[PDB]
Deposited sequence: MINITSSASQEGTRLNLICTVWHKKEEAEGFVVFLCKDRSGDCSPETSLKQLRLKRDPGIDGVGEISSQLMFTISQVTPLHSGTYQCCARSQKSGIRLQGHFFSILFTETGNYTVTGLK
């Protein structure tokens, strides 16, 4: 395929939300990967928290060869970060859309991450 996966990592106070697209060499050209928060059906790169344009061959900003990764780093998790997140990718020209599983930050301060696996 070309497919998308979601993960997260935590270090000190920082929380990193990770969207990874797996793709054959060259297959990702024309794709954009983007992280959306609490968008009921208008998630796009323009309304995303962060995006990355993928490219035909490796570069030095998260575009790799058989996979590419977008990372969104939260310095410290506050109630502003509470809500539901989704990794997405699209190719405008192919009409391909890849959607990850919804996952949540729940701020209680202290927080949980749920819905990854």
Seminar exercise, completed: Comparing deposited sequence to modelled residues, the uncovered ranges are 109-110
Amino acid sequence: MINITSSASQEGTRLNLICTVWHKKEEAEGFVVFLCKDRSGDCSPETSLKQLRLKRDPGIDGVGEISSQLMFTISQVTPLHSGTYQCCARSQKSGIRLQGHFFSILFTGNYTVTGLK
From here on, numbers count along this sequence of modelled residues.
Seminar exercise, completed: The stretch carrying the higher mean Cα B factor in the deposited entry, 50-58 or 85-93, is 50-58
Problem set entry | 74-82 versus 36-44 - greater average Cα B-factor per the deposited record | 36-44
For this session: Comparing against every modelled residue in the chain, figure out the third that the C-alpha B-factor of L116 lands in (lowest, middle or highest).
Result: middle
Exercise. Mind checking which third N3 falls in for C-alpha B-factor across the chain?
Worked result: middle
Exercise. Ranked by Cα temperature factor within the chain, is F102 in the lowest third, the middle third or the highest third?
Worked result: lowest
For this session: Divide the modelled residues of the chain into thirds by Cα B-factor and specify which third, lowest, middle or highest, holds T108.
Result: highest
